[PDB]
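Going down the list, the sequences are from chains A and E.
In this text, residue positions in the first sequence follow PDB author numbering: the first is 19, and each later residue adds one.
In this text, residue positions in the second sequence follow PDB author numbering: the first is 333, and each later residue adds one.
Beta carbons: idealized from backbone N, C-alpha and C, even for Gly.
In what follows, a structure is listed as structure tokens, so that the remarks can point back to it.
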Amino acid sequence: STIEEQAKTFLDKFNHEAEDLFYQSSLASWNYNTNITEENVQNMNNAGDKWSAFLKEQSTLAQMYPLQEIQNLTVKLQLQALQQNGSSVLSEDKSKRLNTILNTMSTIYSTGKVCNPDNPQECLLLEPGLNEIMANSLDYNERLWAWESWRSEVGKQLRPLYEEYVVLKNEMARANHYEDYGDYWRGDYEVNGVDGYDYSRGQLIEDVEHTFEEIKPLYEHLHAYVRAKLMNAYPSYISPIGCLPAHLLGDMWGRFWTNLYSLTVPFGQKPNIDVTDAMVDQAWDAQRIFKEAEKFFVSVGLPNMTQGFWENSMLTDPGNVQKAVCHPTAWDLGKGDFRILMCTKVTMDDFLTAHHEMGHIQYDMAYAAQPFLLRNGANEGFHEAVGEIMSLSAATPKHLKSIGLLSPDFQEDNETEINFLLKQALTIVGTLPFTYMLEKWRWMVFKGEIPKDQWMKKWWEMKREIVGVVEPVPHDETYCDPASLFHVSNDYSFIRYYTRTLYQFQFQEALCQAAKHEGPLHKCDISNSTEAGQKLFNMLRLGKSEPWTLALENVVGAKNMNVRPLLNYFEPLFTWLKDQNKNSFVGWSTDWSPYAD
Amino acid sequence: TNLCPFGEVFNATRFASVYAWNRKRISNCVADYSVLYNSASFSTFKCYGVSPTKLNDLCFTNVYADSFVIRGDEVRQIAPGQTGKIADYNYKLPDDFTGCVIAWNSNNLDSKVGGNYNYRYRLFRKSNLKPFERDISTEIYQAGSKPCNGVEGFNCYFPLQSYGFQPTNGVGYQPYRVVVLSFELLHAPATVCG
Numbered sequence: 019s020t021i022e023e024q025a026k027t028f029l030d031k032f033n034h035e036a037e038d039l040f041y042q043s044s045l046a047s048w049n050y051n052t053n054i055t056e057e058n059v060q061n062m063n064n065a066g067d068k069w070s071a072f073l074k075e076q077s078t079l080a081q082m083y084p085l086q087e088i089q090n091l092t093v094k095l096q097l098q099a100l101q102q103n104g105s106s107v108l109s110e111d112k113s114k115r116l117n118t119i120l121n122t123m124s125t126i127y128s129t130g131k132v133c134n135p136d137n138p139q140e141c142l143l144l145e146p147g148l149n150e151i152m153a154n155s156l157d158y159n160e161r162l163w164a165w166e167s168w169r170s171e172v173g174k175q176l177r178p179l180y181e182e183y184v185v186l187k188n189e190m191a192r193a194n195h196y197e198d199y200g201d202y203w204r205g206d207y208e209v210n211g212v213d214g215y216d217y218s219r220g221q222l223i224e225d226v227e228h229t230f231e232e233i234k235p236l237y238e239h240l241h242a243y244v245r246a247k248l249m250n251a252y253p254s255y256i257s258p259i260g261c262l263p264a265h266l267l268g269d270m271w272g273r274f275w276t277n278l279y280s281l282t283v284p285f286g287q288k289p290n291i292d293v294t295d296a297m298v299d300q301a302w303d304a305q306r307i308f309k310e311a312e313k314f315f316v317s318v319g320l321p322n323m324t325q326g327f328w329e330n331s332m333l334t335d336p337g338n339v340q341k342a343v344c345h346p347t348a349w350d351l352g353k354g355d356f357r358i359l360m361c362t363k364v365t366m367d368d369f370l371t372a373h374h375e376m377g378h379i380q381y382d383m384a385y386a387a388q389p390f391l392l393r394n395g396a397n398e399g400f401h402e403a404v405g406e407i408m409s410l411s412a413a414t415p416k417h418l419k420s421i422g423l424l425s426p427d428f429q430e431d432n433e434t435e436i437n438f439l440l441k442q443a444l445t446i447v448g449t450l451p452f453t454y455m456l457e458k459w460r461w462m463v464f465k466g467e468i469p470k471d472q473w474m475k476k477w478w479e480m481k482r483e484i485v486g487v488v489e490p491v492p493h494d495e496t497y498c499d500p501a502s503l504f505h506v507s508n509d510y511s512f513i514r515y516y517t518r519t520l521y522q523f524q525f526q527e528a529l530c531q532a533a534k535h536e537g538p539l540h541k542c543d544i545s546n547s548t549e550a551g552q553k554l555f556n557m558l559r560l561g562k563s564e565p566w567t568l569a570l571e572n573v574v575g576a577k578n579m580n581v582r583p584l585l586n587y588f589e590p591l592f593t594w595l596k597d598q599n600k601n602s603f604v605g606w607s608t609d610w611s612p613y614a615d
Numbered sequence: 333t334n335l336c337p338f339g340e341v342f343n344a345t346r347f348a349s350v351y352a353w354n355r356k357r358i359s360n361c362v363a364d365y366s367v368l369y370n371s372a373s374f375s376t377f378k379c380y381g382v383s384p385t386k387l388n389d390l391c392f393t394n395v396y397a398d399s400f401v402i403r404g405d406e407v408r409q410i411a412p413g414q415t416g417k418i419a420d421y422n423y424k425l426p427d428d429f430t431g432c433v434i435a436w437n438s439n440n441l442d443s444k445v446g447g448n449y450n451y452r453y454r455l456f457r458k459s460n461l462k463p464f465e466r467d468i469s470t471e472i473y474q475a476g477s478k479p480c481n482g483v484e485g486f487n488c489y490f491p492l493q494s495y496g497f498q499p500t501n502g503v504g505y506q507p508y509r510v511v512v513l514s515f516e517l518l519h520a521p522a523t524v525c526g
């Protein structure tokens, strides 16, 4: 006869009906990803709409239970994720204009083709087309053509659509009692109802720009070493005083610097660590990569994989009779069915990925006891952090020598640990200002902090200040450069790639001090130690039922988001990077430009 | 002399659901329980009160065999002194139970592609069950004080929710057929022993 009695009764109707619709919306979505066919594209749209319409009838029923009268914090976490109207607060014209834009904004990004209208040979696809020319080319104009003429049509036919996308999603969040839409994406990190652990949506901006004041002395030395090594490749294009040009960072936007490792090696005469020539000679197949990735998680205390994991998941490209989008995604279908979908090959980059996409499944298997609305990570960048601490442990030469892959007499010296860290600094440290600046840009375009005339002037003013990247030729306001990225056009949150970095070293320093390691953090390993994986499983099993400040205190002991483990990881590199930068110019100047003539 | 018809309780082609579990009064036959240990196909064989060795030395008056189909992680609720959505609303065993509980996987007979929605269970009951009480009822569960005259609406839910049995489910969601033998001694003559 009380509201908290009817709330648990309603959620028992929800959890025993949404679980039977989320499985049929995921199994039908699995049948499309394995079979790209004209029949299976509608079965993920007919059965996918049965759950898209189910969450609208329950969101109109759950709002009859007020959240001021319930005192159980478990029910208030499931009802807060259910009473949110989302895009239902708009009219019929605005909700139809939003779905028309989102089905078209993702279309011009994917189906935007680049050709030279004067030469017949200069036409290519995107992957493995335009991604190849922007990664492994050693010319300046061959990269400039793939960078300016890529945003000459995709960065121009996405400007008036994203301009209307700002005013459409601001009314979606102003009627949901949020401030802006930028305050709606910081509502995942919000914690209310717990005393002492209250995390506001506005304290995420106070924490992200406070974590960047410690990672900036590290990035300024990584940038000054990459720029000084680009002088030997382009001696007549880059000045060694100012900033870097945009199309020389590795790919189309400059997010990851992974492809810049092949030109800026610290020591080239040293043998690079690799198991690709030790997996083909030992005759490894698509099963042995996951049979050796399973023994990593059993050795720390996490359970074995299910029997339905090995008969239903797709690991090998199934010939030419069927086409499958086999980008690596770990599939949690619900109802105890856990699969995985990737095109595996015998290489180290797919051996560390098999550790990365099985660490997602060992997270989805851990919160299976939770109710349906609490079966997710503690925040958005919390699921991708526990999946990548396994990639940081399966790449060390203590694990590659333990499974017989690496040589038994492979010498580890001072000059080997740097060459592994600079491969990791371009992928982890180098993407940190690029992840923070784009989310600094979206949170300042949704707050109304810019007018229309400085829409593209205040984006390159931030690339020349945060990431230290200039433009080769200037872009006017008719251009729109950030919409060329996947997460801006398809409207994904991008701060989940900034907090997974700061959490994956808070976790690894917590899982190496539990495994009793004596030495630097990058040579550490968590396998063959049950007292470290049982530390993590007390956090993996919580799901969303606990706030993320108490899930960090379960493994680390600090409710905040800290930097000091990440500076302790790259401390043997940052010591070397200071000693290599006595003659260079640590820091950049905004006044330089390649077209400043 | 005849054998006990255990070939109609264990090898039945279509079992029952746990809200409307069947019950077969097995009496006046020479029951052979020694081929039940040696079958090696039952995932759970727990005997409460009696022993697997004492089951061929003692004779019981009535042997009731209750058969139903439940989930994977709800087999543990079929035990004397458990609670949940099965041991309180569907099939409650008494605290002084004196029988054996069979349980085995039946994914290749009770699961079809797309869903086998023939097995149901009580999700909402206005009280708890007495031990060994079965009540088939389709009454709309009044979860408030509105009231509701049959129309399933706001805070008046249908109690019989169906099982989503599929062949690609997990171990804890696959259908486990369960037979519960409930031995007892009464004040009648007894002739059920091996």
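Partners in chain E for A:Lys353, counting only beta-carbon separations shorter than 9 Å: Residue mapping note: residue 353 of chain A aligns to position 335 of the first sequence, counting from 1. Taking a Cβ-Cβ threshold of 9 Å, the residues of chain E close to A:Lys353 are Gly496, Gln498, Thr500, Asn501, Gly502, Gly504, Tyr505, in chain order.
Residues of the region 23 to 44 of chain A whose Cβ lies closer than 8 Å to any Cβ of chain E, in chain order: Near chain E, meaning a CB-to-CB distance below 8 Å, the residues of the region 23 to 44 of chain A are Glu23, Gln24, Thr27, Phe28, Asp30, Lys31, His34, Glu35, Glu37, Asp38, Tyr41, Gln42.
Proximal residues, the region 309 to 327 of chain A versus chain E, C-beta separation under 8 Å: For the region 309 to 327 of chain A, which is checked against every Cβ of chain E, the residues closer than 8 Å are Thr324, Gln325, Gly326.
Residues that A:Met366 contacts on chain E, provided the C-beta gap is smaller than 8 Å: Taking the first residue of the first sequence as 1, we reach residue 366 of chain A at position 348. The premise fails here: A:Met366 is roughly 32 Å from chain E at the closest Cβ pair, so nothing lies under 8 Å.
Chain A residues whose Cβ lies nearer than 8 Å to that of E:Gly476: Position 144 of the second sequence, counted from the start, is the residue given in the question as residue 476 of chain E. E:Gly476 reaches chain A at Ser19, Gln24, counting residues in chain order whose Cβ is nearer than 8 Å.
Backbone secondary structure at A:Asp216 - three-state DSSP: The residue you call residue 216 of chain A lines up with position 198 of the first sequence. DSSP places A:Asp216 in coil when its eight states are reduced to three.
Residues of the region 376 to 397 of chain E with Cβ closer than 7 Å to any Cβ of chain A, in chain order: Going along the region 376 to 397 of chain E in chain order, one finds no residue with a Cβ nearer than 7 Å to chain A.
Continuous beta strand (DSSP E) assignments of at least 3 residues falling wholly in the region 178 to 219 of chain A: For the region 178 to 219 of chain A, there is no continuous beta strand (DSSP E) assignment of 3+ residues that stays within its boundaries.
Beta carbon of A:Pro490 nearer than 9 Å to that of A:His265: Locating residue 490 of chain A in the first sequence gives position 472, counting from the first residue. Locating residue 265 of chain A in the first sequence gives position 247, counting from the first residue. Taking 9 Å as the Cβ cut-off, A:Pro490 and A:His265 qualify as a contacting pair.
First through last residue of the beta strand (DSSP E) which encompasses E:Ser494: By one-based count along the second sequence, residue 494 of chain E stands at place 162. Going by DSSP, E:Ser494 is part of the beta strand (DSSP E) stretching over 492 to 494.
Any chain E beta carbon closer than 9 Å to A:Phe588: For the purposes of this step, residue 588 of chain A is taken as the residue at position 570 of the first sequence. No Cβ of chain E is located within less than 9 Å of the beta carbon of A:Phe588.
Any C-beta of chain E under 9 Å from that of A:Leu79: For the purposes of this step, residue 79 of chain A is taken as the residue at position 61 of the first sequence. Output row for A:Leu79: interface = yes.
Sequence-distant residues of the same chain with beta carbon closer than 6 Å to A:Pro583, five excluded per side: One-based indexing of the first sequence puts residue 583 of chain A at position 565. Answer for A:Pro583: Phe523, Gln524, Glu527, listed in chain order.
Rounded Cβ spacing between A:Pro500 and A:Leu456 (contact assumed at less than 8 Å): Here residue 500 of chain A refers to the residue found at position 482 when the first sequence is read from its first residue. Here residue 456 of chain A refers to the residue found at position 438 when the first sequence is read from its first residue. Indeed, because the Cβ distance is near 6 Å, the residues count as touching under 8 Å.
Within-9 Å CB hit, E:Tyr365 to chain A: Taking the second sequence and counting its residues from 1, the one referred to as residue 365 of chain E is at position 33. Taking Cβ atoms only, chain A never reaches closer than 9 Å to E:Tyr365, which makes this a no.
A:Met82: contacting residues in chain E (beta-carbon distance under 9 Å): Translated into positions along the first sequence, residue 82 of chain A becomes position 64. What A:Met82 touches in chain E: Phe486, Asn487.
Complete alpha helix (DSSP H) runs within the region 310 to 340 of chain A (minimum length 4 residues, chain order): Those alpha helix (DSSP H) runs which fall completely within the region 310 to 340 of chain A and span 4+ residues are 325 to 330.
Three CB pairs or more closer than 8 Å across the region 136 to 153 of chain A and the region 259 to 277 of chain A: Put simply, the region 136 to 153 of chain A touches the region 259 to 277 of chain A. At least three CB pairs are less than 8 Å apart.
Touch test, the region 253 to 263 of chain A against the region 409 to 427 of chain A, Cβ-Cβ under 8 Å, three pairs minimum: In this structure the region 253 to 263 of chain A does not lie against the region 409 to 427 of chain A, because fewer than three pairs of beta carbons, one per stretch, are closer than 8 Å.
Contact check, E:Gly496 vs A:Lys353, beta carbons under 9 Å: Position 164 of the second sequence, counted from the start, is the residue given in the question as residue 496 of chain E. Position 335 of the first sequence, counted from the start, is the residue given in the question as residue 353 of chain A. Contact: yes.
Rounded C-alpha distance that separates residue 616 of chain A from A:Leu100: Residue 616 of chain A lies beyond the range of chain A shown here (19 to 615); nothing can be said about it.
Residues near A:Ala311 in its chain [Cβ-Cβ closer than 6 Å; skip 5 each side]: As a first step, residue 311 of chain A is located in the first sequence; it is residue number 293 there, counting from the start. If we look at A:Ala311 and ignore the five residues flanking it on each side, its Cβ neighbours are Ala372, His373, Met376.
Short CB-CB distance (under 9 Å) between A:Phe464 and chain E: As a first step, residue 464 of chain A is located in the first sequence; it is residue number 446 there, counting from the start. Judged by the 9 Å Cβ criterion, A:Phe464 is not in contact with chain E.
E:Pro521 and E:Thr333 closer than 9 Å at C-beta: Within the second sequence, residue 521 of chain E is the residue found at index 189, counting from 1. Within the second sequence, residue 333 of chain E is the residue found at index 1, counting from 1. For the 9 Å CB-CB criterion, E:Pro521 and E:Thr333 do not form a contact.
Proximal residues to A:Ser511 (C-beta, below 7 Å), its chain only, five neighbours per side dropped: Counted from its first residue, the first sequence places residue 511 of chain A at position 493. Excluding positions up to five away in sequence, the list reads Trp203, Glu398.
Alpha-carbon spacing of E:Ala397 relative to A:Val298, whole angstroms: Along the second sequence, read from residue 1 onward, the residue named residue 397 of chain E stands at position 65. Along the first sequence, read from residue 1 onward, the residue named residue 298 of chain A stands at position 280. Rounded to the nearest whole angstrom, the C-alpha separation of E:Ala397 and A:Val298 is 58 Å.
Contact with chain E by A:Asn63, beta-carbon distance below 9 Å: For the purposes of this step, residue 63 of chain A is identified with residue 45 of the first sequence, where counting begins at 1. Taking Cβ atoms only, chain E never reaches closer than 9 Å to A:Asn63, which makes this a no.
Helix, strand or coil at A:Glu564 according to DSSP, with G and I counted as helix: The sequence position of residue 564 of chain A within the first sequence is 546, counting from 1. DSSP, read as helix, strand or coil, puts A:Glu564 in coil.
Contact check, A:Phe32 vs A:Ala80, beta carbons under 9 Å: Taking the first sequence and counting its residues from 1, one reaches residue 32 of chain A at position 14. Taking the first sequence and counting its residues from 1, one reaches residue 80 of chain A at position 62. Taking 9 Å as the Cβ cut-off, A:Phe32 and A:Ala80 qualify as a contacting pair.
Whole-angstrom distance between A:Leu85 and A:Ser43, CA atom to CA atom: By one-based count along the first sequence, residue 43 of chain A stands at place 25. By one-based count along the first sequence, residue 85 of chain A stands at place 67. Cα to Cα, A:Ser43 sits roughly 29 Å from A:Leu85.
Residues near A:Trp275 in its chain [Cβ-Cβ closer than 8 Å; skip 5 each side]: Position 257 of the first sequence, counting from 1, holds the residue named residue 275 of chain A. Once the five neighbours on either side are set aside, the close Cβ partners of A:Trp275 are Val244, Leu267, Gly268, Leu444, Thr445, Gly448, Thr449.
Three or more C-beta pairs below 8 Å linking the region 488 to 504 of chain E and the region 454 to 461 of chain E: Three or more beta-carbon pairs drawn from the region 488 to 504 of chain E and the region 454 to 461 of chain E are found closer than 8 Å, and the two stretches are therefore classed as touching.
Run of the beta strand (DSSP E) containing residue 531 of chain E, from where it starts to where it stops: There is no way to answer for residue 531 of chain E, as the model of chain E reaches only from 333 to 526.
E:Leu455: contacting residues in chain A (beta-carbon distance under 7 Å): Residue mapping note: residue 455 of chain E aligns to position 123 of the second sequence, counting from 1. Those within 7 Å of E:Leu455 in chain A are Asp30, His34.
6 Å Cβ shell around A:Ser602 - same chain, five flanking residues per side excluded: If you number the first sequence from 1, residue 602 of chain A lands on position 584. Hits under 6 Å: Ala242, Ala246.
Host beta strand (DSSP E) of A:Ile358 (start-end): Residue mapping note: residue 358 of chain A aligns to position 340 of the first sequence, counting from 1. Element bounds for A:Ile358: 355 to 359.
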